[PDB]
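Read the single chain below, which is given as structure tokens and is the form deposited in one PDB entry.
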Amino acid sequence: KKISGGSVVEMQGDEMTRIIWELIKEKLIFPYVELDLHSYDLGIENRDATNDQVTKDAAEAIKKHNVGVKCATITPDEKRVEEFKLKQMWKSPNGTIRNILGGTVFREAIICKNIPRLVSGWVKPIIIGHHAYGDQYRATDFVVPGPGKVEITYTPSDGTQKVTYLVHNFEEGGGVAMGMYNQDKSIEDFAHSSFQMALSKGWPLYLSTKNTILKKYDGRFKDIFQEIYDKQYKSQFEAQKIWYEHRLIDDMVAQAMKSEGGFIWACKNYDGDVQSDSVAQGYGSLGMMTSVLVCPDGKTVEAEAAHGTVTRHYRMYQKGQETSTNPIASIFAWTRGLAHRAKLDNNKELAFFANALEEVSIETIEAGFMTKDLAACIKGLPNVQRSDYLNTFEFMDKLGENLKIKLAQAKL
């Protein structure tokens, strides 16, 4: 009776998300789906015990099977190290997994017709693709104490004459100086990932750069994106009635606000980092934002919620108090992974189920059963009442009932 799932790699998470994650699998997924499951505990204690070995093993497994579903994880910081008595301040699991996999992360927010938005106009998804190999985020930056000259020099490994340029001469006073770089392969991968995501998504693609100011530096991003599109992707875009274009960031943010959504926006690392929160904020609650990591090959996908472990809610949970935490992003992480898995294996039965969960989840909210954060959006935070929303367990049950009804209705 159960659908045959295929092979998926599952990673367990931390805190509030973890409680939901088990609930989602137990009620939402396992009953109707059978999977070959490779399960890794990415929970902070396990990561600590394994030395972060488990995280690496999990990342490798995703490469082997091509599909990953992930739960939000604690990212170690000094307070955390003190809290868990961690052996070391471990690197973020997302950071490690992205590093091993390569590929680019795209964040999109689920939209419900009843829920209001900061930007009312945005009735279609806007998807942000983030280039996380950073010009800014891998940068050499320093204070300039006193008058001096700052120069940037490139030395060819081939023994060709080295080139030096004077960034500035500080005749008087202090300054701040910086050096940053980007590499052709990362940009190339990023472009390949974005074209493929758009083609898979069904939406048009834009890339934003301040290429007018920084003709050489941002020109490479623009040039690489054009070169790849023309050579390998354009006809497919033509067939699917969608396009790729390059936009200046000032134009794009303004255009995006005016716009009704429905596009994939490809962002350089600084732009993407700013964009990811802002776009989510415009849409609504963080509970409704999902992250998908997509590699250049297009075979491999890792899906996780955009939001974190939701510690503030979890603390209430520990205290024995009631919580209303949104599972939609976490639920959607599963559905997206399943859909890709269905896509790779050409499994319609799985594909149908992954969609069915998404429809059910939206339909339930659209009918007025929702977590507190959603309720706040319609009411306003002050005006929300306990009757207005379901608690975390209550919402999942309503979702479970609906999922059962929906699937049965489909049969026949």
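Note that residue numbering begins at 1 and tracks the sequence as displayed.
There is another form of the same protein, the form deposited in another entry; it is not shown, and what comes next is about it.
Original post:
Of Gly148, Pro116, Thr75, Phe142, which one sits right at the hinge of the rigid motion between this form and the one not shown?
Top reply: Checking the domain motion between this form and the one not shown, the hinge sits at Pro116.
Original post:
Between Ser235 and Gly298, do the C-alpha atoms lie closer or farther in that other deposited form than in the shown form, with a difference of 3 angstroms or more?
Top reply: Residues separate in that other deposited form, at least 3 Å farther apart.
Original post:
How does the CA gap of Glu302 and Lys201 change in that other deposited form versus this form, closer or farther, if it moves 3 angstroms or more?
Top reply: Farther apart in that other deposited form, by 3 Å or more.
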